[PDB]
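Single chain ahead, written as C-alpha cells, the form deposited in one PDB entry.
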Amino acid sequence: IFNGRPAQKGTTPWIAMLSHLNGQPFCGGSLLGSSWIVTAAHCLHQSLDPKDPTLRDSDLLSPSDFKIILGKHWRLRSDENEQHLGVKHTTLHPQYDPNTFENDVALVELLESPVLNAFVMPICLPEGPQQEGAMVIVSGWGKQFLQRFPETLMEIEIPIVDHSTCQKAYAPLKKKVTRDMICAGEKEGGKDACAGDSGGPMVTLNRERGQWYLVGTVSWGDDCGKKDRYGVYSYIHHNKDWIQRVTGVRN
C-alpha cells in the first residue's frame, strides 16, 4: 500500500493473507461466511507466457502449494490470534480473462474452517451498488513508496471514482475498464494499492446498521501512486450471484 497508515490491531478481522508454505506473503483476501476466502483470480495462477496467452488448469496454483492465515496483523512476525489454514479447492470466475483482468475474482475453499472470534470474523457481501464518491478502506501487506515492506498491515481511505471518468482516464492507455470493475483513488494520486496487495479487501461502513461490507478486491493499477490514474478493483456486487452460487453465503 502506498501512502497508507498502519491498521489498528483487531479492526480488520476479515482479512486473509495468502502465503507460500514457506511463509512468504504474496496476496491478500477476505473471509466470507464460515469457510471461504475471496481473492483476486490472478493470485491463484502462474504467470503466463505472452506467446501463449491463455489460462489453463496446468497454470493454476495447487491447494497443497499455498496456505491461508487469518487473524494476522504483522506481515512477517506472529500473534496469538493467527490461524494457519490449509486449502481444499480454488475456483476462479468462469469468465476470468488473464489478459484484461476482467472478472478477476476467485474463491478459495478452506480445508479447515477457522474458529470465529474477536480477531477472525467474515466480511459481509454488499447489499446494493456503490454510490459515487463513497469513502472505502483498502488494506494490505504489499509494497509502499521507495519499495519497503511494512512491519504491519497498512490501510488507505480513498473515494470511489465514477466508472465513466475511470475509462476515459485509462484511454490513453489502451486499457479497458469493464462493468465488473470499480475504481478508487484521487486524481492527484498518492494513496493506492500495489504489488503484494492483490486480492486485498476494499470495504465500507453501512449505517445505521454499523455493519462493514466488502465492495471490491484489489485487481490492478498501472503504476502505484501516480497522478491522473486510478486504482482498479473487482466489483463484487457485479458477481455477487456467482459468489453466492459457489459459496452459499448469506448475510
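Numbering starts at 1 and runs along the sequence shown.
There is another form of this protein, the form solved in complex with a partner chain, and it is not shown here; the text below is about that form.
Out of the listed residues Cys27, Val38, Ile182, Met202, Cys27 is the one that sits within 4.5 Å of its partner chain in the deposited bound form by at least one heavy atom.
At a distance threshold of 4.5 angstroms between non-hydrogen atoms, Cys43 is in contact with its partner chain in the deposited bound form. Heavy atoms of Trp74 never reach within 4.5 Å of its partner chain in the deposited bound form, leaving it off the interface. Heavy atoms of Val215 never reach within 4.5 Å of its partner chain in the deposited bound form, leaving it off the interface. Taking the partner from elsewhere, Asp65 is found to have every heavy atom lying beyond 4.5 Å of its partner chain in the deposited bound form.
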